[PDB]
Amino acid sequence: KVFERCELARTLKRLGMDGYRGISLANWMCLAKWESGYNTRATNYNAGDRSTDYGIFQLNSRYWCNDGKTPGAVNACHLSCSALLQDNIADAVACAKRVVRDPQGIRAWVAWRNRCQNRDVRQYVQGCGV
């Protein structure tokens with residue numbers, strides 16, 4: 001599913017992401033935008049290390065979910081990577097929450113540092129009623 005901006009903003013808020021571990025809703029929106037374009041079926045294979053990024057938050061199979069073909073993988077979210085490809089993003093959200101519970105927080109995603117950190121991210125939630 002390819003979410004529309006405000007549709008996603010309202011969904012994330014209802015799932016308790018606003019201010020989760022100190023991360024504002026606009027930051028989560030900026031992250032989803034640059035990672036997948038708000039697309040839940042997005043997948044990206046990393047030929048260099050044999051891992052794959054799954055879903056709207058592009059969660060990596062080496063640490064967050066199990067796809068069975070990634071070497072030295074752990075499954076911290078205890079989910080099959082298939083769960084991160086559903087239209088319902090509840091599982092993807094529960095896993096993103098786990099990621100930020102680690103020391104790096106939102107910085108775990110390099111895309112956030114390049115495209116969101118220290119920027120005016122207000123635009124991502126403007127007019128969505130959240």
# chains A, B, ... in the order shown; residues from 1 in each chain; ligands from 1

$ residues_around --residues "residue 127 of chain A" --least-positions-apart "3" --cutoff "9 Å" --atoms "only C-alpha atoms" --output "MDAnalysis selection string"
chainID A and resid 6 123 130

$ write_last_selection --atoms "N, CA and C atoms" --output "short mmCIF file (atom, residue, chain, number, x, y, z; two decimals), in the first residue's frame"
data_model
loop_
_atom_site.label_atom_id
_atom_site.label_comp_id
_atom_site.auth_asym_id
_atom_site.auth_seq_id
_atom_site.Cartn_x
_atom_site.Cartn_y
_atom_site.Cartn_z
N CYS A 6 -1.14 12.71 4.84
CA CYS A 6 -1.95 12.87 6.05
C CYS A 6 -2.59 11.58 6.53
N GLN A 123 6.66 20.57 7.40
CA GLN A 123 5.91 20.26 6.18
C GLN A 123 5.30 18.86 6.10
N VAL A 130 -3.14 16.46 13.09
CA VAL A 130 -2.47 15.66 14.12
C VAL A 130 -1.66 16.54 15.09
#

$ residues_around --residues "residue 43 of chain A" --least-positions-apart "4" --cutoff "12 Å" --atoms "only C-alpha atoms" --output "CSV table (one decimal) with N, CA and C atoms, in the first residue's frame"
chain,number,residue,atom,x,y,z
A,35,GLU,N,12.7,6.8,3.2
A,35,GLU,CA,13.0,5.4,3.1
A,35,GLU,C,12.2,4.6,2.1
A,36,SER,N,10.9,4.8,2.0
A,36,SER,CA,10.1,4.1,1.1
A,36,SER,C,9.1,4.9,0.2
A,37,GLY,N,9.0,6.2,0.5
A,37,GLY,CA,8.0,6.9,-0.2
A,37,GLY,C,6.6,6.5,0.3
A,39,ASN,N,5.6,3.6,1.1
A,39,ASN,CA,5.2,2.4,0.4
A,39,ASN,C,5.5,1.1,1.3
A,51,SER,N,21.9,-8.7,2.8
A,51,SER,CA,20.7,-8.4,3.6
A,51,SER,C,19.7,-7.6,2.8
A,52,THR,N,18.5,-7.6,3.3
A,52,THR,CA,17.4,-6.9,2.6
A,52,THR,C,16.7,-5.9,3.5
A,53,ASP,N,16.3,-4.8,3.0
A,53,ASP,CA,15.5,-3.8,3.8
A,53,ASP,C,14.1,-4.0,3.4
A,54,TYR,N,13.2,-4.1,4.5
A,54,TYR,CA,11.8,-4.3,4.2
A,54,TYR,C,10.8,-3.3,4.7
A,55,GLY,N,9.8,-3.0,3.9
A,55,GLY,CA,8.7,-2.2,4.3
A,55,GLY,C,8.9,-0.7,4.3
A,56,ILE,N,7.9,-0.1,4.9
A,56,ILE,CA,7.8,1.4,5.0
A,56,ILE,C,8.9,2.1,5.7
A,57,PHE,N,9.6,1.4,6.7
A,57,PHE,CA,10.7,2.0,7.4
A,57,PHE,C,12.0,1.3,7.0
A,58,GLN,N,11.9,0.4,6.0
A,58,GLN,CA,13.0,-0.2,5.4
A,58,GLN,C,13.9,-0.9,6.5
A,59,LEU,N,13.3,-1.8,7.3
A,59,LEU,CA,14.0,-2.5,8.4
A,59,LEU,C,14.8,-3.6,7.8
A,60,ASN,N,16.1,-3.6,8.2
A,60,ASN,CA,17.1,-4.6,7.7
A,60,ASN,C,17.0,-6.0,8.4
A,61,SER,N,17.1,-7.0,7.5
A,61,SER,CA,17.0,-8.4,7.9
A,61,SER,C,18.1,-9.0,8.7
A,81,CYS,N,10.2,-11.3,8.1
A,81,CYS,CA,10.3,-10.1,7.3
A,81,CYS,C,9.0,-9.9,6.5
A,82,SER,N,8.2,-11.0,6.3
A,82,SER,CA,7.0,-10.9,5.5
A,82,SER,C,6.0,-10.0,6.2
A,84,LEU,N,6.5,-7.3,7.6
A,84,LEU,CA,6.9,-5.9,7.3
A,84,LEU,C,6.5,-5.5,5.9
A,85,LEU,N,5.7,-6.4,5.2
A,85,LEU,CA,5.3,-6.1,3.8
A,85,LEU,C,3.8,-6.0,3.7

$ closest_atom_pairs --of "segment 39-127 of chain A" --to "segment 17-28 of chain A" --cutoff "10 Å" --atoms "only C-alpha atoms" --output "CSV"
residue,atom,partner,partner_atom,distance
A:57,CA,A:28,CA,9.0
A:93,CA,A:17,CA,8.0
A:94,CA,A:17,CA,9.6
A:96,CA,A:17,CA,9.4
A:97,CA,A:20,CA,7.5
A:100,CA,A:21,CA,7.0
A:101,CA,A:21,CA,7.1
A:102,CA,A:21,CA,9.9
A:105,CA,A:21,CA,7.7
A:106,CA,A:23,CA,7.3
A:112,CA,A:27,CA,8.1
A:116,CA,A:27,CA,6.9
A:117,CA,A:27,CA,8.4
A:119,CA,A:27,CA,9.7
A:120,CA,A:26,CA,9.4
A:121,CA,A:26,CA,5.9
A:122,CA,A:26,CA,6.3
A:123,CA,A:26,CA,7.9
A:124,CA,A:26,CA,5.7
A:125,CA,A:26,CA,5.8
A:126,CA,A:26,CA,9.0

$ write_last_selection --atoms "N, CA, C and O atoms" --output "CSV table (one decimal), in the first residue's frame"
chain,number,residue,atom,x,y,z
A,57,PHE,N,9.6,1.4,6.7
A,57,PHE,CA,10.7,2.0,7.4
A,57,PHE,C,12.0,1.3,7.0
A,57,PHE,O,13.1,1.6,7.5
A,93,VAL,N,5.4,-0.8,12.9
A,93,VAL,CA,5.5,0.2,13.9
A,93,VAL,C,6.0,-0.4,15.2
A,93,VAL,O,6.9,0.3,15.8
A,94,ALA,N,5.5,-1.5,15.6
A,94,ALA,CA,6.0,-2.2,16.8
A,94,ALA,C,7.5,-2.4,16.7
A,94,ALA,O,8.3,-2.3,17.7
A,96,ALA,N,9.7,-0.6,14.6
A,96,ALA,CA,10.4,0.6,14.6
A,96,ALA,C,10.6,1.2,16.0
A,96,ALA,O,11.6,1.8,16.4
A,97,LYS,N,9.6,0.9,16.9
A,97,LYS,CA,9.7,1.3,18.3
A,97,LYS,C,10.8,0.6,19.0
A,97,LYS,O,11.6,1.2,19.8
A,100,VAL,N,14.4,2.2,18.0
A,100,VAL,CA,14.7,3.4,18.7
A,100,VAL,C,14.9,3.2,20.2
A,100,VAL,O,15.3,4.2,20.9
A,101,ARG,N,14.6,2.0,20.7
A,101,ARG,CA,14.8,1.8,22.1
A,101,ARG,C,16.3,1.5,22.4
A,101,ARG,O,16.8,1.5,23.5
A,102,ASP,N,17.1,1.4,21.3
A,102,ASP,CA,18.5,1.2,21.4
A,102,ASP,C,19.2,2.6,21.5
A,102,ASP,O,18.5,3.6,21.1
A,105,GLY,N,18.8,5.6,18.8
A,105,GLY,CA,17.6,6.2,18.6
A,105,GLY,C,17.2,6.3,17.1
A,105,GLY,O,17.5,5.4,16.3
A,106,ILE,N,16.7,7.5,16.7
A,106,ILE,CA,16.3,7.7,15.3
A,106,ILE,C,17.5,7.8,14.4
A,106,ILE,O,17.4,7.5,13.2
A,112,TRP,N,17.8,9.3,7.8
A,112,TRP,CA,17.3,10.3,8.7
A,112,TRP,C,18.3,11.4,8.9
A,112,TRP,O,18.0,12.6,8.8
A,116,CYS,N,16.7,14.5,7.3
A,116,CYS,CA,15.8,15.0,8.3
A,116,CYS,C,16.4,15.8,9.4
A,116,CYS,O,15.9,16.9,9.8
A,117,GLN,N,17.5,15.3,9.9
A,117,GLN,CA,18.2,15.9,11.1
A,117,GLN,C,18.5,17.4,10.8
A,117,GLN,O,19.0,17.8,9.8
A,119,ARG,N,16.7,19.8,10.1
A,119,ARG,CA,15.9,20.5,9.1
A,119,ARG,C,14.5,20.9,9.7
A,119,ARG,O,14.2,20.5,10.8
A,120,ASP,N,13.8,21.7,8.9
A,120,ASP,CA,12.5,22.1,9.3
A,120,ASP,C,11.6,21.0,8.7
A,120,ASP,O,11.5,20.9,7.5
A,121,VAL,N,11.1,20.1,9.6
A,121,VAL,CA,10.3,19.0,9.1
A,121,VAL,C,8.8,19.2,9.3
A,121,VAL,O,8.0,18.3,9.0
A,122,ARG,N,8.4,20.4,9.6
A,122,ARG,CA,7.0,20.8,9.8
A,122,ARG,C,6.1,20.4,8.6
A,122,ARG,O,5.0,19.9,8.8
A,123,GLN,N,6.7,20.6,7.4
A,123,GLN,CA,5.9,20.3,6.2
A,123,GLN,C,5.3,18.9,6.1
A,123,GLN,O,4.2,18.7,5.5
A,124,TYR,N,6.0,17.9,6.7
A,124,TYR,CA,5.5,16.5,6.7
A,124,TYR,C,4.2,16.3,7.4
A,124,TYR,O,3.4,15.3,7.0
A,125,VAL,N,3.8,17.1,8.4
A,125,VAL,CA,2.5,17.0,9.1
A,125,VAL,C,1.6,18.1,8.9
A,125,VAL,O,0.5,18.1,9.4
A,126,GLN,N,2.0,19.2,8.2
A,126,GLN,CA,1.1,20.3,8.0
A,126,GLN,C,-0.3,20.1,7.4
A,126,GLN,O,-0.4,19.4,6.3

$ select_by_dssp --residues "segment 23-112 of chain A" --states "alpha helix (DSSP H)" --output "ChimeraX atom specification"
/A:25-36,90-100,110-112

$ closest_residue --among "A:76, A:47, A:108, A:32" --to "residue 5 of chain A" --atoms "only C-alpha atoms"
A:32

$ select_by_dssp --residues "chain A" --states "strand (DSSP E or B)" --output "list in words"
residues 2, 20, 23, 39, 43, 44, 45, 46, 51, 52, 53, 54, 59, 60, 66 and 80 of chain A

$ write_last_selection --atoms "C-alpha atoms" --output "PDB file, in the first residue's frame"
ATOM      1  CA  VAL A   2       1.247   3.501  -0.835  1.00  0.00           C
ATOM      2  CA  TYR A  20       7.925   7.950  21.290  1.00  0.00           C
ATOM      3  CA  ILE A  23      10.860  11.422  18.501  1.00  0.00           C
ATOM      4  CA  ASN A  39       5.231   2.363   0.427  1.00  0.00           C
ATOM      5  CA  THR A  43      12.086  -3.936  -0.592  1.00  0.00           C
ATOM      6  CA  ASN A  44      15.737  -3.243  -1.193  1.00  0.00           C
ATOM      7  CA  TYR A  45      18.368  -5.925  -1.598  1.00  0.00           C
ATOM      8  CA  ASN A  46      21.879  -5.015  -0.501  1.00  0.00           C
ATOM      9  CA  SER A  51      20.746  -8.379   3.605  1.00  0.00           C
ATOM     10  CA  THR A  52      17.406  -6.873   2.552  1.00  0.00           C
ATOM     11  CA  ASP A  53      15.518  -3.788   3.799  1.00  0.00           C
ATOM     12  CA  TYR A  54      11.789  -4.349   4.247  1.00  0.00           C
ATOM     13  CA  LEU A  59      13.968  -2.484   8.380  1.00  0.00           C
ATOM     14  CA  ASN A  60      17.099  -4.579   7.749  1.00  0.00           C
ATOM     15  CA  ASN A  66      14.110 -12.924   9.888  1.00  0.00           C
ATOM     16  CA  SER A  80       9.252 -12.815   9.824  1.00  0.00           C
TER      17      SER A  80
END

$ atom_distance --atom1 "atom CA of residue 38 of chain A" --atom2 "atom CA of residue 113 of chain A"
18.0 Å

$ closest_residue --among "A:34, A:13, A:72, A:77" --to "residue 114 of chain A" --atoms "only C-alpha atoms"
A:34

$ residues_around --residues "residue 75 of chain A" --least-positions-apart "3" --cutoff "7 Å" --atoms "only C-alpha atoms" --output "number ranges by chain"
A: 63-66, 78-79

$ decode --residues "chain A" --atoms "C-alpha atoms" --output "CSV table (one decimal), in the first residue's frame"
chain,number,residue,atom,x,y,z
A,1,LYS,CA,0.0,0.0,0.0
A,2,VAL,CA,1.2,3.5,-0.8
A,3,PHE,CA,-0.1,5.8,1.9
A,4,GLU,CA,-1.1,9.4,1.3
A,5,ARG,CA,0.8,11.8,3.6
A,6,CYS,CA,-1.9,12.9,6.0
A,7,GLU,CA,-3.4,9.4,6.0
A,8,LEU,CA,-0.2,8.0,7.3
A,9,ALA,CA,0.3,10.9,9.8
A,10,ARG,CA,-3.0,10.1,11.4
A,11,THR,CA,-2.3,6.4,11.5
A,12,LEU,CA,1.1,6.8,13.2
A,13,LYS,CA,-0.4,9.1,15.8
A,14,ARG,CA,-3.1,6.5,16.6
A,15,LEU,CA,-0.4,3.9,16.9
A,16,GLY,CA,1.4,6.0,19.6
A,17,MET,CA,4.4,7.2,17.7
A,18,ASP,CA,4.2,10.9,18.5
A,19,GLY,CA,7.0,11.6,20.9
A,20,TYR,CA,7.9,8.0,21.3
A,21,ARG,CA,11.4,7.9,22.9
A,22,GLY,CA,11.5,11.6,22.2
A,23,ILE,CA,10.9,11.4,18.5
A,24,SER,CA,8.2,13.8,17.1
A,25,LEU,CA,5.6,12.6,14.6
A,26,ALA,CA,7.2,14.9,11.9
A,27,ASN,CA,10.5,13.0,12.3
A,28,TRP,CA,8.8,9.6,11.7
A,29,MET,CA,7.0,11.1,8.7
A,30,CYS,CA,10.3,12.4,7.2
A,31,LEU,CA,11.9,9.0,7.8
A,32,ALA,CA,9.1,7.0,6.1
A,33,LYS,CA,9.1,9.4,3.2
A,34,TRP,CA,12.8,9.1,2.4
A,35,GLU,CA,13.0,5.4,3.1
A,36,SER,CA,10.1,4.1,1.1
A,37,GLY,CA,8.0,6.9,-0.2
A,38,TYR,CA,5.3,5.8,2.2
A,39,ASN,CA,5.2,2.4,0.4
A,40,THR,CA,4.6,-0.7,2.6
A,41,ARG,CA,5.8,-3.2,-0.1
A,42,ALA,CA,9.1,-1.5,-0.7
A,43,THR,CA,12.1,-3.9,-0.6
A,44,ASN,CA,15.7,-3.2,-1.2
A,45,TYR,CA,18.4,-5.9,-1.6
A,46,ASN,CA,21.9,-5.0,-0.5
A,47,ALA,CA,24.1,-7.1,-2.7
A,48,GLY,CA,27.2,-6.0,-0.8
A,49,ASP,CA,26.2,-7.8,2.4
A,50,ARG,CA,23.4,-10.1,1.5
A,51,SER,CA,20.7,-8.4,3.6
A,52,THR,CA,17.4,-6.9,2.6
A,53,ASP,CA,15.5,-3.8,3.8
A,54,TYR,CA,11.8,-4.3,4.2
A,55,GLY,CA,8.7,-2.2,4.3
A,56,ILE,CA,7.8,1.4,5.0
A,57,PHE,CA,10.7,2.0,7.4
A,58,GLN,CA,13.0,-0.2,5.4
A,59,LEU,CA,14.0,-2.5,8.4
A,60,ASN,CA,17.1,-4.6,7.7
A,61,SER,CA,17.0,-8.4,7.9
A,62,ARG,CA,20.4,-8.6,9.6
A,63,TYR,CA,19.0,-7.2,12.9
A,64,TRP,CA,15.3,-6.7,12.9
A,65,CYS,CA,13.4,-9.4,11.1
A,66,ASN,CA,14.1,-12.9,9.9
A,67,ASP,CA,14.0,-13.8,6.2
A,68,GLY,CA,16.2,-16.9,6.6
A,69,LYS,CA,18.7,-16.1,3.9
A,70,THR,CA,20.7,-13.4,5.7
A,71,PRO,CA,24.0,-14.6,7.2
A,72,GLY,CA,24.6,-13.8,10.9
A,73,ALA,CA,21.1,-12.4,11.3
A,74,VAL,CA,19.3,-11.8,14.6
A,75,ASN,CA,15.6,-11.2,14.7
A,76,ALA,CA,15.2,-8.6,17.5
A,77,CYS,CA,11.6,-7.8,16.6
A,78,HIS,CA,10.9,-11.5,16.5
A,79,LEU,CA,9.0,-11.2,13.2
A,80,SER,CA,9.3,-12.8,9.8
A,81,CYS,CA,10.3,-10.1,7.3
A,82,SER,CA,7.0,-10.9,5.5
A,83,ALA,CA,5.1,-9.2,8.3
A,84,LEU,CA,6.9,-5.9,7.3
A,85,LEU,CA,5.3,-6.1,3.8
A,86,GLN,CA,1.6,-6.0,4.9
A,87,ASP,CA,-0.8,-3.1,4.2
A,88,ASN,CA,-1.4,-3.0,8.0
A,89,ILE,CA,1.6,-1.3,9.5
A,90,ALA,CA,1.0,-2.3,13.1
A,91,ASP,CA,3.9,-4.8,13.1
A,92,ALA,CA,6.2,-2.4,11.3
A,93,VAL,CA,5.5,0.2,13.9
A,94,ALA,CA,6.0,-2.2,16.8
A,95,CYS,CA,9.4,-3.0,15.3
A,96,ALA,CA,10.4,0.6,14.6
A,97,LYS,CA,9.7,1.3,18.3
A,98,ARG,CA,12.1,-1.5,19.2
A,99,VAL,CA,14.8,0.0,17.0
A,100,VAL,CA,14.7,3.4,18.7
A,101,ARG,CA,14.8,1.8,22.1
A,102,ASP,CA,18.5,1.2,21.4
A,103,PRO,CA,21.1,4.0,22.1
A,104,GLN,CA,21.3,5.5,18.6
A,105,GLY,CA,17.6,6.2,18.6
A,106,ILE,CA,16.3,7.7,15.3
A,107,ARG,CA,20.0,8.0,14.2
A,108,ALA,CA,19.9,4.3,13.4
A,109,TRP,CA,18.7,5.1,9.9
A,110,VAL,CA,21.3,6.9,7.9
A,111,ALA,CA,18.6,8.5,5.6
A,112,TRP,CA,17.3,10.3,8.7
A,113,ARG,CA,20.7,12.0,9.2
A,114,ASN,CA,21.0,13.0,5.6
A,115,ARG,CA,17.4,14.2,5.0
A,116,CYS,CA,15.8,15.0,8.3
A,117,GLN,CA,18.2,15.9,11.1
A,118,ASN,CA,18.5,19.6,11.8
A,119,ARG,CA,15.9,20.5,9.1
A,120,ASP,CA,12.5,22.1,9.3
A,121,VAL,CA,10.3,19.0,9.1
A,122,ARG,CA,7.0,20.8,9.8
A,123,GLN,CA,5.9,20.3,6.2
A,124,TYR,CA,5.5,16.5,6.7
A,125,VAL,CA,2.5,17.0,9.1
A,126,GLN,CA,1.1,20.3,8.0
A,127,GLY,CA,-2.7,20.3,7.6
A,128,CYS,CA,-3.1,16.7,8.6
A,129,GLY,CA,-5.0,17.4,11.8
A,130,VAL,CA,-2.5,15.7,14.1
